[PDB]
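A short worksheet on the structure shown next.
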Amino acid sequence: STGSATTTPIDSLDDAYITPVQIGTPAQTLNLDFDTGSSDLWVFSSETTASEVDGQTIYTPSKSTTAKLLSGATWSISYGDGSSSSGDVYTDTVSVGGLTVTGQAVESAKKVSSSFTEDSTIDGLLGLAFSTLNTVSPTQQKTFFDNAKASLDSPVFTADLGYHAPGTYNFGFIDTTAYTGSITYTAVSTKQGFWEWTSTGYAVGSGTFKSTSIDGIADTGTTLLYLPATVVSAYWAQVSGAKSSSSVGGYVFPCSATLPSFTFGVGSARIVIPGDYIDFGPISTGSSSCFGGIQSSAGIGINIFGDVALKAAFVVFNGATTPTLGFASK
């Protein structure tokens, strides 16, 4: 089997991408944030504290003839941005782009943190990291991909995120018309539960490529590119007037600037992020100070190849017995 679904930016900055997901019978379609940095499929629901729902579409398990309470199971998650959610668990039928999993754990939120409430466009998350990170207790549950992978034509999914435009998540096949050149595959460590890999270096604009190993994660659920402070300083030094602002929370730059590209290495291959992809717009409405799309990971503990980097590539998440990642230009 295969599936293919369009993923759509939630706003004009590409802050996140939503993908329609069918849950239950009859289908209830929710727009979920596919997140290769986490491993829970959780949704706003009829159980979510009413004051914490503000415009999201909810899953109502009582209206699904295939929903079953997973007795005794609870979940609770905290993300790298400080947001969180928790609740109980149903199993139900879940379909993405024509690919159906029966008995998928659907984690129903009883509580969500304010950042989720305040984002009416995201009805939940669909985790695509390794199932070892799933938070369901006392019996950990499998991700959608883990449940589907034996049925898929090939045990892979691909992320083709758009710049200011829709893109595609495919399951079970590699669309050879969706990229240029060849796909370069690189090793993955699953020891932390992430799609963790090592970039071979970077370049700023037309500058020389610096060969240096940069360990990080491929994370579709993180907006920006978070890299070591040395790398980030080298980038922003090429933007007149750019500076790190402790009050804003990162590098800002004059909105009048033209940003240079940023290149990262995948083996001997190179992925070029155009300068425009690094512009996240005014820090507040009407400001001439703009927020940068490349930020320091120093306070995180891990480097993160988020959407800024991934949207410049066609990305293969190869879930073979020994997982690997593939990157192609497009």
Side-chain angles (χ1 to χ4, degrees), residues 14 35-38 79-81 128-130 133 158-159 161 163 179 181-190 192-239 242 244 249-251 253 259-275 277-280 291-318 322-330:
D14 298 347
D35 179 13
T36 63
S38 69
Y79 296 102
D81 65 345
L128 292 167
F130 292 88
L133 295 180
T158 65
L161 301 179
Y163 167 66
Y179 56 87
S182 58
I183 305 177
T184 295
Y185 289 86
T186 196
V188 165
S189 172
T190 67
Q192 297 190 77
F194 301 124
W195 292 92
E196 187 172 1
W197 66 288
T198 302
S199 172
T200 48
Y202 70 98
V204 174
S206 59
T208 63
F209 187 84
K210 174 72 168 180
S211 293
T212 183
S213 293
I214 303 171
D215 295 340
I217 67 171
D219 186 2
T220 59
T222 289
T223 311
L224 305 187
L225 173 54
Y226 294 90
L227 293 174
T230 49
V231 180
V232 176
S233 182
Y235 178 81
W236 290 109
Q238 299 305 313
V239 179
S244 183
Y251 279 88
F253 66 94
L259 297 179
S261 65
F262 183 89
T263 300
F264 64 94
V266 182
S268 59
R270 305 290 179 252
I271 299 296
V272 180
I273 305 170
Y277 291 26
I278 299 160
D279 181 355
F280 280 74
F291 197 66
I294 296 180
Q295 296 294 345
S296 178
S297 66
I300 296 177
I302 197 157
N303 301 305
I304 307 173
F305 295 87
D307 297 334
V308 163
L310 302 182
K311 73 179 70 177
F314 177 89
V315 186
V316 180
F317 295 80
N318 169 25
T322 296
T324 63
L325 279 167
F327 293 81
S329 293
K330 64 187 184 191

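Values below: every heavy atom of this structure, side chains too, minus hydrogens, waters and symmetry copies. The first residue in the sequence is number 1, and the count goes up from there.
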So, do [X] and [Y] sit near enough that their side-chain heavy atoms are less than 4.5 Å apart?
X    : Y    : result
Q192 : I302 : yes
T198 : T186 : no
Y235 : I278 : yes
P323 : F317 : no

How long is the span from the [atom1] atom in [X] to the [atom2] atom in [Y], to the nearest 0.5 Å?
X    : Y    : atom1 : atom2 : value
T263 : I273 : OG1   : CD1   : 8.0 Å
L133 : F194 : CG    : CZ    : 5.5 Å
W236 : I294 : CH2   : CD1   : 6.5 Å

So, does [X] use its side chain to make a donor-acceptor pair with the main chain of [Y] at under 3.5 Å?
X    : Y    : answer
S297 : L227 : yes
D219 : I304 : no
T158 : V316 : no
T200 : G267 : yes
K311 : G306 : no
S211 : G201 : no
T220 : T36  : yes

Tell me the closest heavy-atom pair linking [X] and [Y], and the distance in Å.
X    : Y    : value
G205 : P260 : CA-CB, 4.0 Å
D279 : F253 : OD1-CZ, 3.6 Å
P228 : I214 : CD-CG2, 4.1 Å
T184 : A269 : OG1-CB, 3.4 Å
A328 : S182 : CB-O, 3.6 Å
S199 : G265 : OG-O, 2.7 Å

Tell me, with the steps shown, if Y226 and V232 meet side-chain contact (heavy atoms from CB on, under 4.5 Å).
-> CA-CA 8 Å; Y226 294 90; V232 176; over 6 Å; no
Has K210 got more than 12 heavy atoms of other residues, nucleotides or ligands less than 6.0 Å from its NZ?
-> no
Parallel, tilted or perpendicular: which fits the ring planes of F130 and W195, with parallel below 30° and perpendicular above 60°?
-> tilted
Starting from the C-alpha separation in whole Å, work towards a yes-or-no answer on side-chain contact (heavy atoms from CB on, under 4.5 Å) for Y79 and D35.
-> CA-CA 11 Å; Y79 296 102; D35 179 13; 4.1 Å; yes
Start with the C-alpha distance between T223 and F280, add both sets of side-chain angles, then the distance that settles side-chain contact (heavy atoms from CB on, under 4.5 Å), and finish with yes or no.
-> CA-CA 10 Å; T223 311; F280 280 74; 3.5 Å; yes
Partner of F327 under ring pair (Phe, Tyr, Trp, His ring centres under 6.0 Å), chosen from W197, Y185, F314 | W197
Give the C-alpha distance, both sets of side-chain angles, the deciding distance and a yes or no for side-chain contact (heavy atoms from CB on, under 4.5 Å) between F291 and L224.
-> CA-CA 11 Å; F291 197 66; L224 305 187; 3.7 Å; yes
